Each structure stands twice: as C-alpha cells, then as structure tokens.
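What follows is a set of notes on a single structure, which appears directly below.
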Amino acid sequence: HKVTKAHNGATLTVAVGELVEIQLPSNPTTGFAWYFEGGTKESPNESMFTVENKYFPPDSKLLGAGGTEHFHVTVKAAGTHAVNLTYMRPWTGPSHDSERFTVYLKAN
C-alpha cells in the first residue's frame, strides 16, 4: 500500500506484508517539512515491525521536480492506520501555519 499527497484526505483499506507506505511530495513551503508530529514518527503496532522515515526536499520556493518526503511503515497486524503527518518548520512549526496530511487506511 502506498500513500501520496492526494491521500492527504483519503479513507481506504490496505493490504500489508511487503510495506505499507505513506509518501509526501513535500511541496516545499517556506520552512515547513512533513513529519508525523515533528521530529518524531511512529507506526501503529510497531515492535516486531516498524516505520522508516525518509524525506528529500529538492527545493524550497517551488519544487525540485520530485519533492519527496516519505514515511514507510512496515507492519502486519489487524488495525486501523490513521496517518496524520504534520507539515511544519521542524525546529518549531507555526501553530496554525503548518499543514497536515491525513490518510485513513486499514493496515492488517
């Protein structure tokens, strides 16, 4: 399963096993970057399985062709994965100037 900027407002069911990923295209803003809550990222039902985070901002005023800040959670356990990724300035993030992503997926 894979998520992308459109999934910023998605509700879906997923199949797992390989990987259940959540990727953002960044959309380089003005300091904000996509994190879960900022600096920290968590995957649900993680212990034996877990999430990797990898974010690549090519640009900062437009888009470096393929802005790509992703969150890859590898888990297999019957649960619902609500992915709220917060697009803020990593060193602070303006309380109401930061965006956020949210896909509602069922990871099992």
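Labels for the structure tokens follow display order: chains A, B, ..., residues from 1 in each chain, ligands from 1.
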
Run DSSP on the backbone and grab whatever in chain A lands in helix (DSSP H, G or I); send it over as a PyMOL selection string. chain A and resi 5-9

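Summary of the local environment: counting only C-alpha atoms, residues at most 9 Å from residue A:18, other than itself and those fewer than 4 positions away along its chain, are residues 1, 74 and 75 of chain A.
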
Take the residues that were just selected and, keeping N, CA and C atoms, output them as a compact mmCIF listing (two decimals), in the first residue's frame.
```txt
# COMPACT_ATOMS: atom_id res chain seq x y z
N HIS A 1 0.84 -1.18 0.00
CA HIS A 1 0.00 0.00 0.00
C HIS A 1 0.88 1.24 0.00
N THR A 74 6.36 -0.55 7.93
CA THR A 74 6.28 -1.96 7.63
C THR A 74 5.71 -2.66 8.85
N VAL A 75 4.46 -3.07 8.75
CA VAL A 75 3.78 -3.74 9.85
C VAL A 75 2.78 -4.76 9.31
```

Name all residues at most 10 Å from residue A:60 (count only C-alpha atoms; drop same-chain ones fewer than 5 positions away) and give them as number ranges by chain. A: 26-33, 67

Give the answer as one residue: which of A:24, A:14, A:103, A:78 has the shortest atom-to-atom distance to residue A:66, using only C-alpha atoms?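 For residue A:66, the nearest of the candidates is A:24.
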
What is the distance between atom CA of residue A:16 and atom CA of residue A:52, in Å to one decimal?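 We find that atom CA of residue A:16 and atom CA of residue A:52 lie 15.2 Å from each other.
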
Which residue, A:64, A:44, A:39, A:58, has the smallest gap to residue A:89 when you use only C-alpha atoms? A:39

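Closest approach to residue A:84 from the set A:43, A:13, A:102, A:8 is made by A:102, with distances taken over only C-alpha atoms.
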
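Rounded to one decimal, atom CA of residue A:79 and atom CA of residue A:51 lie 15.0 Å from each other.
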
Would you please work out which residue, of A:101, A:68, A:96, A:108, is nearest to residue A:9 when using only C-alpha atoms? A:101

When you count only C-alpha atoms, which of these residues is closest to residue A:10: A:90, A:107, A:62, A:82?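 Looking at the shortest contact to residue A:10, the residue is A:82.
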
Near residue A:97, counting only C-alpha atoms, which residues have an atom at most 9 Å away, once you skip same-chain residues fewer than 3 positions from it, shown as a ChimeraX atom specification? /A:32,87-88,93-94

Report the residues of stretch 5-105 of chain A whose backbone DSSP state falls under strand (DSSP E), written as a PyMOL selection string. chain A and resi 10-13+20-24+33-35+50-56+68-74+79-88+99-105

Please produce an output containing C-alpha atoms for each residue in the selection, written as a PDB file, in the first residue's frame.
```pdb
ATOM      1  CA  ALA A  10      -8.184   9.635   1.961  1.00  0.00           C
ATOM      2  CA  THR A  11     -10.096   6.769   3.566  1.00  0.00           C
ATOM      3  CA  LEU A  12      -9.058   3.334   2.318  1.00  0.00           C
ATOM      4  CA  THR A  13      -8.297  -0.295   3.162  1.00  0.00           C
ATOM      5  CA  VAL A  20       2.539  -0.009   3.884  1.00  0.00           C
ATOM      6  CA  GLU A  21       3.949   3.354   2.932  1.00  0.00           C
ATOM      7  CA  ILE A  22       2.917   6.954   3.240  1.00  0.00           C
ATOM      8  CA  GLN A  23       4.789   9.318   0.949  1.00  0.00           C
ATOM      9  CA  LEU A  24       4.613  13.056   0.621  1.00  0.00           C
ATOM     10  CA  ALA A  33       8.594  19.884   6.228  1.00  0.00           C
ATOM     11  CA  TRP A  34       6.444  16.755   6.539  1.00  0.00           C
ATOM     12  CA  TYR A  35       6.855  14.862   9.782  1.00  0.00           C
ATOM     13  CA  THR A  50       8.313  -0.614  12.324  1.00  0.00           C
ATOM     14  CA  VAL A  51       8.380   2.569  10.220  1.00  0.00           C
ATOM     15  CA  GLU A  52      11.264   4.134   8.298  1.00  0.00           C
ATOM     16  CA  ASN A  53      11.259   7.841   7.503  1.00  0.00           C
ATOM     17  CA  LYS A  54      12.992   9.457   4.562  1.00  0.00           C
ATOM     18  CA  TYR A  55      12.349  12.986   3.404  1.00  0.00           C
ATOM     19  CA  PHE A  56      14.010  14.728   0.489  1.00  0.00           C
ATOM     20  CA  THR A  68       9.762  13.556  -1.763  1.00  0.00           C
ATOM     21  CA  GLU A  69       9.288  13.287   1.982  1.00  0.00           C
ATOM     22  CA  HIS A  70       8.089   9.761   2.726  1.00  0.00           C
ATOM     23  CA  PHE A  71       7.055   7.675   5.709  1.00  0.00           C
ATOM     24  CA  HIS A  72       7.288   3.915   5.211  1.00  0.00           C
ATOM     25  CA  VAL A  73       5.666   1.740   7.875  1.00  0.00           C
ATOM     26  CA  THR A  74       6.281  -1.961   7.633  1.00  0.00           C
ATOM     27  CA  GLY A  79      -5.507  -2.498  12.955  1.00  0.00           C
ATOM     28  CA  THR A  80      -6.531   0.828  11.515  1.00  0.00           C
ATOM     29  CA  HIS A  81      -3.741   3.164  10.497  1.00  0.00           C
ATOM     30  CA  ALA A  82      -4.659   6.828  10.733  1.00  0.00           C
ATOM     31  CA  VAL A  83      -1.725   8.713   9.335  1.00  0.00           C
ATOM     32  CA  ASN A  84      -1.563  12.345  10.332  1.00  0.00           C
ATOM     33  CA  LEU A  85       1.655  13.878   9.088  1.00  0.00           C
ATOM     34  CA  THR A  86       2.253  17.433  10.155  1.00  0.00           C
ATOM     35  CA  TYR A  87       3.842  19.846   7.701  1.00  0.00           C
ATOM     36  CA  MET A  88       5.713  22.274   9.973  1.00  0.00           C
ATOM     37  CA  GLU A  99      -0.243  21.976   7.133  1.00  0.00           C
ATOM     38  CA  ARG A 100      -1.011  18.332   7.858  1.00  0.00           C
ATOM     39  CA  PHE A 101      -1.674  15.190   5.923  1.00  0.00           C
ATOM     40  CA  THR A 102      -4.183  12.533   6.888  1.00  0.00           C
ATOM     41  CA  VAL A 103      -4.820   9.209   5.239  1.00  0.00           C
ATOM     42  CA  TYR A 104      -7.196   6.827   6.920  1.00  0.00           C
ATOM     43  CA  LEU A 105      -6.130   3.349   5.970  1.00  0.00           C
TER      44      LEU A 105
END
```

If I take atom CA of residue A:25 and atom CA of residue A:45, how far is one from the other in Å, to one decimal? 25.5 Å

When you count only C-alpha atoms, which of these residues is closest to residue A:40: A:15, A:91, A:57, A:4?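 Once distances to residue A:40 are computed over only C-alpha atoms, the minimum belongs to A:91.
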